[PDB]
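Reviewing the structure listed below.
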Amino acid sequence: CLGX
Amino acid sequence: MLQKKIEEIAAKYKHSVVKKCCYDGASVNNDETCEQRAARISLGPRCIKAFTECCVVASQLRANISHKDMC
């Protein structure tokens, strides 16, 4: 879900 | 009821790309992009992964938002  | 839910859940998806992406997931039709992005992926650009867990989750709750919630 998160991108980093 | 006094604010949004998955909306900001996406507002946090790294503003870099995962942000507007996850939005895409729970923003367009439940399958407008959730698919073209979480289905015919070539090398997993970014919105598909981010927005795949964010779109799928949006569904899980949005349908009957009441129990736990995924991404």
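Order-wise, the sequence lines are chains A and B.
Residues 694 to 697, numbered by the working numbering, are exactly what the first sequence covers, in order.
Residues 3 to 73, numbered by the working numbering, are exactly what the second sequence covers, in order.
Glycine included, C-beta positions come from ideal geometry on N, C-alpha and C.
Q. With 16 other CB atoms within 10 Å as the buried threshold, where does B/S29 fall?
A. buried
Q. When the cut-off is 8 angstroms and only beta carbons count, does B/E10 lie next to chain A?
A. no
Q. Looking at C-beta atoms only, is the number of pairs between the stretch 3-12 of chain B and the stretch 35-50 of chain B that lie closer than 8 angstroms three or more?
A. no
Q: With 8 angstroms as the threshold, decide whether the Cβ of B/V19 is near any Cβ in chain A.
A: At least one CB of chain A lies nearer than 8 angstroms to the CB of B/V19.
Q: Alpha carbon to alpha carbon, how far is B/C56 from B/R64? Give it in angstroms, no decimals.
A: 11 angstroms
Q: Please determine, among B/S18, B/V19 and B/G27, the residue with the shortest C-alpha to C-alpha distance to B/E9.
A: B/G27
Q | C-beta contact flag for B/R48 and B/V20 at 8 angstroms | A | yes
Q) So residue 1 of chain B is in the alpha helix (DSSP H); what residue range does that whole segment cover? A) Lying outside 3 to 73, the shown extent of chain B, residue 1 of chain B is not represented and no answer is given.
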